[PDB]
Amino acid sequence: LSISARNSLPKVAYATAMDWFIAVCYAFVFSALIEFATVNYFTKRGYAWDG
Amino acid sequence: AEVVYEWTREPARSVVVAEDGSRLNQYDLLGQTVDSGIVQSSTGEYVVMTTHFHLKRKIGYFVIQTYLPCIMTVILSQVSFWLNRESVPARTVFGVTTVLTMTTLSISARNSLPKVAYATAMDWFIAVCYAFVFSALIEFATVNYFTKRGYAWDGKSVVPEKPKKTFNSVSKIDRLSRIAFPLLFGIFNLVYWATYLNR
Amino acid sequence: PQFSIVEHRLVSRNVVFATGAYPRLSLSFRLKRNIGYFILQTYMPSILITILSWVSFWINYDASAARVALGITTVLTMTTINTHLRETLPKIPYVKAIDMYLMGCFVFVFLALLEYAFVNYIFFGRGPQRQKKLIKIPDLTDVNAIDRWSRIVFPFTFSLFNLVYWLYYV
Amino acid sequence: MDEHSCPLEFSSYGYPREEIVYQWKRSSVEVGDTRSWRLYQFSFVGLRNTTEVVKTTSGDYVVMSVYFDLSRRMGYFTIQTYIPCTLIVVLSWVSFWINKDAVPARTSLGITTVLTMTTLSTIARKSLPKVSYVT
Ligand SMILES: *[C@@H]1O[C@H](CO)[C@@H](O[C@@H]2O[C@H](CO)[C@@H](O[C@@H]3O[C@H](CO[C@H]4O[C@H](CO)[C@@H](O)[C@H](O[C@H]5O[C@H](CO)[C@@H](O)[C@H](O)[C@@H]5O)[C@@H]4O)[C@@H](O)[C@H](O[C@H]4O[C@H](CO)[C@@H](O)[C@H](O)[C@@H]4O)[C@@H]3O)[C@H](O)[C@H]2NC(C)=O)[C@H](O)[C@H]1NC(C)=O
Ligand SMILES: CCCCCCCC(=O)OC[C@H](COP(=O)(O)O[C@@H]1[C@H](O)[C@H](O)[C@@H](OP(=O)(O)O)[C@H](OP(=O)(O)O)[C@H]1O)OC(=O)CCCCCCC
Ligand SMILES: *[C@@H]1O[C@H](CO)[C@@H](O[C@@H]2O[C@H](CO)[C@@H](O)[C@H](O)[C@H]2NC(C)=O)[C@H](O)[C@H]1NC(C)=O
Ligand SMILES: CCCCCCCCCC
Ligand SMILES: CCCCCC
Ligand SMILES: CCCCCC
Ligand SMILES: CCCCCC
Ligand SMILES: CCCCCC
Ligand SMILES: [Cl-]
């Protein structure tokens with residue numbers, strides 16, 4: 001989405017509002033993945049819960 | 001009989017190319033060969049002056065953008081032979097993604113060209129790389145077929161031998177493939193480049 | 001929008017042809033490109049994917065599917081960044097600075113996937129053989145030590161590569 | 001696998017048949033060396049000539065037509081679409097030989113085959129006009 005965000009616009013040298021929105025959303029996704037990595041780092045036993 | 005053309009200086013010297021003025025992007029102008037002659041037609045005979053500019057293509061762009069991703073995809077597919085045979089989803093991911101990437105490269109290779117109906121050296125190289133990747137996938141499929149028990153080695157166990165809880169042995173197919181596939185790919189690359197570069 | 005005119009220059013001279021000499025005026029501009037668009041478009045995804053690739057070190061060796069999915073996805077994203085870059089450029093025969101940077105990032109993620117494969121081969125491949133038999137580089141028996149070494153080395157090597165790249169091309 | 005007969009028609013714009021009449025010579029249409037031609041996706045089979053009279057509001061005009069027969073070459077499209085689709089079908093077949101306990105592996109294989117087949121489907125029609133019938 002970030003790569004294809006600005007297909008039509010001229011290759012300007014400043015960040016637009018859409019660019020900032022895309023950056024913040026990607027930051028949210030990256031934070032979610034890092035959070036999952038942190039959670040998995042503290043999983044002592046690798047078998048799930050039985051019914 | 002009415003008009004005849006000729007070259008002012010000698011034919012080689014009568015077609016001069018400016019040194020700085022070379023607008024070619026992916027071609028090297030080796031030289032020019034000049035000639036004059038005659039042509040028949042329904043209206044009569046005409047004196048025709050011909051030049052031929054000899055241009056050699058530059059392989060750097062294609063080596064960077066098509067051949068080298070193909071080689072890296074082949075190596076990525078061949079890396080799958082080193083993981084344990086019980087890593088079924090992982091090795092399936094290797095095979096599937098490598099096949100998809102090679103399909104994408106095969107699709108994108110033809111974009112640079114006109115839609116000619118014959119096969120090129122790039123097409124043959126992509127076909128052989130696809131054959132190698134698919135062969136690696138089928139090799140993993142056979143390894144999974146011959147895999148007996150679906151749980152991997154615990155690590156602490158003192159494995160018995162091969163003539164309680166049992167564990168799978170390292171696949172003979174994997175052991176052979178680890179040295180067979182890269183060797184065959186390297187020999188193919190050697191033969192292909194030796195055939196095509198020197199001509 | 002892309003360039004800035006550092007300076008302009010006027011020149012007057014005489015150019016010689018086969019017919020004869022002629023007067024000649026030349027009006028030159030020295031354009032310098034702006035890097036903000038490229039930083040937003042190509043680079044910043046490349047670095048962020050490079051940090052993404054190193055998450056596989058913190059995942060346990062036995063969890064093979066997660067690390068494999070991470071490595072393969074990072075390689076795929078590097079490839080799609082590269083192709084969406086090259087789709088909009090001429091067919092020049094030499095490597096650009098951005099191409100060199102993309103190749104470096106690709107090499108880094110490739111080494112991440114390959115060192116995961118090396119850890120897997122050490123554990124499951126040489127494990128039973130060794131058991132039946134029974135900065136400095138780490139010991140090649142402890143997968144945890146190998147993971148820690150990768151954790152501390154990959155960011156350092158990537159930072160050094162970025163440092164030399166920027167200090168060379170700027 | 002299509003063969004077309006593309007026409008090339010010409011006539012007098014202003015003068016009807018009562019004023020100007022066109023006629024083909026004995027050597028009507030001459031084709032030169034047909035190997036220096038730009039035709040990549042098609043092959044020239046032959047040509048023929050015809051003459052007719054077309055009714056219009058202004059009057060009757062003698063229209064001279066030359067038809068060129070062109071047969072498509074399927075090598076390029078065979079490389080582009082047919083071979084990848086068959087290879088992806090075989091890739092789908094490979095799921096059969098996987099152990100049925102490999103649930104994520106087989107599911108990923110099947111869905112990825114579906115992805116690639118959809119991608120090839122949308123890519124195959126890029127070179128064509130947006131016609132509303134099955135080829
Ligand atoms: C983009 O790229 C282009 C191409 O490279 C750049 O253009 C070049 O710019 C330079 C200047 O930056 C130009 O150099 C000069 O030429 C002028 C005019 O000279 C002509 O006329 C003279 C008198 O009629 C004649 O003598 C010259 O002949 C040769 O003669 C001299 C002396 O014999 C010889 O030494 C040279 O080899 C000449 O080839 C020529 O026909 C000239 O006035 C300039 O002199 C400067 O330097 C001398 C030092 O010797 C100094 O004393 C002067 O006061 C003056 O400062 C200089 O020689 C060059 O011609 C341009 N080339 C082209 C192809 O246009 C352009 O600059 C780039 N852009 C930018 C933004 O930089
Ligand atoms: C296109 C289709 C092609 C079909 C190819 C079909 C190829 C084919 O038929 O393989 C047969 C077999 C496979 O070897 P493979 O490593 O899987 O051997 C079995 C495997 O090791 C099991 O794990 C063993 O049980 P366990 O874990 O110890 O409990 C079992 O022993 P046991 O149960 O009897 O005790 C073994 O049989 O032998 C070859 O090595 C092939 C060499 C040539 C490979 C060449 C590779 C380049
Ligand atoms: C083009 O049209 C002319 C006129 O219709 C065709 O002329 C005939 O050609 C044959 C073979 O030379 C002759 O035997 C006939 O006598 C010609 N017609 C007349 C009315 O005299 C010519 O063959 C056509 N060329 C083609 C079909 O390629
Ligand atoms: C990519 C760097 C972040 C990886 C997760 C680190 C978790 C550390 C827990 C002590
Ligand atoms: C080209 C495929 C080679 C396979 C070797 C076992
Ligand atoms: C052509 C695939 C061969 C796989 C190893 C037997
Ligand atoms: C496109 C990736 C190339 C990597 C070469 C080291
Ligand atoms: C032998 C492969 C090593 C990968 C980088 C640690
Ligand atoms: Cl060119």
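The numbering shown runs from 1 along each chain in the order of its written sequence and may not match that of the entry; residues for which no coordinates exist are omitted. Note on labels: chains are lettered from A, ligands numbered from 1, in written order. What appears here is a fragment of a larger assembly, so each number quoted concerns just the fragment shown. Excluded from the side-chain calculations are hydrogens and water; all other atoms, namely the structure's heavy atoms, are used.

Structure determination for this entry, per the PDB record, employed cryo-EM and reached 3.5 Å resolution.

What is the right way to read empty space enclosed by the protein from this model?
Leftover empty space is mapped by rolling, across the atoms, a probe with the size of a water molecule. All names here are of chain B. Points on a 1 Å grid over protein atoms alone make up a cavity when a 1.4 Å probe fits among them but cannot get out, and a pocket when they form an open set with protein on both sides within 12 Å along at least five of seven lines; lining residues each have an atom within 4 Å of a point. Grid points are joined across faces, edges and corners, and a volume is the space filled by probe spheres set on the points. The calculated volume of the largest cavity comes to roughly 70 Å³. For this classification, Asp, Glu, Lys and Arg are treated as charged, while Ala, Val, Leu, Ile, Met, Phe, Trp, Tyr, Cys and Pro are nonpolar and the rest, including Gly, are polar. The class makeup of the residues in the lining of the largest cavity is six nonpolar, one polar and three charged. Forming the walls of the second largest cavity are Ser-77, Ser-80, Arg-91, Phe-94, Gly-95, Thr-98, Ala-136, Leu-137 and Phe-140. A helix here means a DSSP run of H or I that spans at least four residues, while a strand means a run of E at least two residues long, and both kinds are numbered starting from the N terminus. The element contributing the most residues to the lining of the second largest cavity is helix 2 (residues 88–109), with four residues. Residues belonging to the lining of the second largest cavity are distributed by class as follows: four nonpolar, four polar and one charged.

Sorry if this is basic, but what is going on with the sheet that holds strand 2 (residues 42–55) of chain D here?
Two strands in a sheet stick together by hydrogen bonds in their backbones, pointing the same way (parallel) or opposite ways (antiparallel). All names here are of chain D. Ordered by their spatial adjacency, three strands build an open sheet running 1-3-2, and the pairing between neighbours is antiparallel. Among the strands making up the open sheet, the edge pair consists of strand 1 (3–10) and strand 2. The mean angle between the axes of side-by-side strands here comes to 20 degrees, regardless of whether they run parallel or antiparallel. Bridging between strand 2 and strand 3 (residues 60–72) involves 13 bridges; their strand directions are antiparallel. Following the sheet pairing, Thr-50 is matched in strand 3 by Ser-65. Strands are treated as partners if at least two bridges between them are detected by DSSP. Here the axes come from fitting lines to C-alpha atoms, over the contacting stretch only for helices, and the angles between their N-to-C directions go from 0 to 180 degrees.

How should the site of ligand 3 be read in this particular structure?
Residues and elements named next belong to chain D. With respect to spatial proximity, the complete set of residues near ligand 3 consists of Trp-24, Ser-28 and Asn-49. The side chain of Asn-49 places a nitrogen or oxygen atom 2.3 Å from an oxygen atom of ligand 3. All accessible-area figures derive from a Shrake-Rupley calculation using a 1.4 Å probe, and residue coverage is judged against the displayed protein chains alone. Protein contact buries 27% of the 570 Å² of open area that ligand 3 shows by itself. We call a residue near a molecule or strand as soon as one heavy atom of that residue lies within 4 Å of the molecule or strand. Nitrogen and oxygen atoms within 3.5 Å of one another constitute a polar contact, given that in protein one can donate a hydrogen and the other can accept it, and given that sequence-neighbouring residues count only through two side-chain atoms.

Explanation requested: the site of ligand 2 in the structure shown.
All names here are of chain B. Surrounding ligand 2, one finds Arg-85, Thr-142, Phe-146, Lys-148, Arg-149, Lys-162, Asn-168, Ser-169, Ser-171, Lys-172, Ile-173 and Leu-176. Interatomic distance of 3.5 Å between a side-chain N/O atom of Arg-85 and an oxygen atom of ligand 2. Taking 1000 Å² as the accessible area of ligand 2 by itself, protein coverage stands at 53%. Of all the secondary-structure elements, those providing two or more residues to the shell around ligand 2 are helix 3 (121–146) and helix 4 (172–197). Looking at side-chain class alone, the shell around ligand 2 contains three nonpolar, four polar and five charged residues.

Whenever I open this one, the interface of chain B and chain D confuses me. Can you help?
Note on interface size: it is often stated as the accessible area lost on association of the parts. Between two residues, a contact is recorded if the distance between any of their heavy atoms is within 4.5 Å. Counting residues at the interface gives 24 residues for chain B and 25 residues for chain D. Interface area, chain B with chain D, both sides summed: about 2200 Å², of which 77% is carbon and sulfur. Among the residues chain B hides against chain D, the three largest losses belong to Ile-107, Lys-115 and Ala-117 of chain B. Together they make up 26% of the total. The rule for a salt bridge is simple: a side-chain nitrogen of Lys or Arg has to be within 4 Å of a carboxyl oxygen of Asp or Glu. Our enumeration of links across chain B and chain D arrives at zero salt bridges. Counting every contact that joins chain B to chain D gives one residue pair in polar contact. Among the secondary structure elements, those contributing two or more residues to the side of chain B that touches chain D are helix 2 and helix 3 of chain B. Counting residues per element, the side of chain B that touches chain D draws most heavily on helix 3 of chain B, which supplies nine residues. Among the residues forming the side of chain B that touches chain D, the class breakdown is 17 nonpolar, four polar and three charged. The term buried area refers to how much accessible surface (probe radius 1.4 Å) is lost by two components on association, counted for both of them together.

How should the pairing of strand 2 (residues 45–57) of chain B be read in this particular structure?
Within a regular strand, side chains alternate between the sheet's two faces. All names here are of chain B. Relative to strand 2, strand 1 (residues 27–40) runs antiparallel, the two being bridged by 13 bridges. Of the residues in strand 2, the one forming a bridge with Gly-31 is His-54. Between the antiparallel neighbours strand 1 and strand 2 lie four residues, among them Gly-44 with a positive phi of about 160 degrees.

What exactly am I supposed to notice about a nonpolar patch on the surface here?
To count toward a patch, a residue needs a relative accessible area above 30% and no salt bridge. Like charges then connect within 9 Å, nonpolar side chains (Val, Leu, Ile, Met, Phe, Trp, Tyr) within 5 Å. Taken together, the side chains of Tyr-145 and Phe-146 of chain B together with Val-89, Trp-93, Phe-96, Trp-97 and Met-117 of chain D make up a nonpolar region of the molecular surface, amounting to roughly 820 Å² of accessible area. Looking at the element boundaries, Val-89 of chain D is found in helix 1 (residues 75–94). Assessed through its relative accessible area of 31%, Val-89 of chain D is described here as partly exposed. Residue exposure (1.4 Å probe, protein chains only): buried if accessible area is under 20% of the type maximum, exposed if over 50%, otherwise partly exposed.

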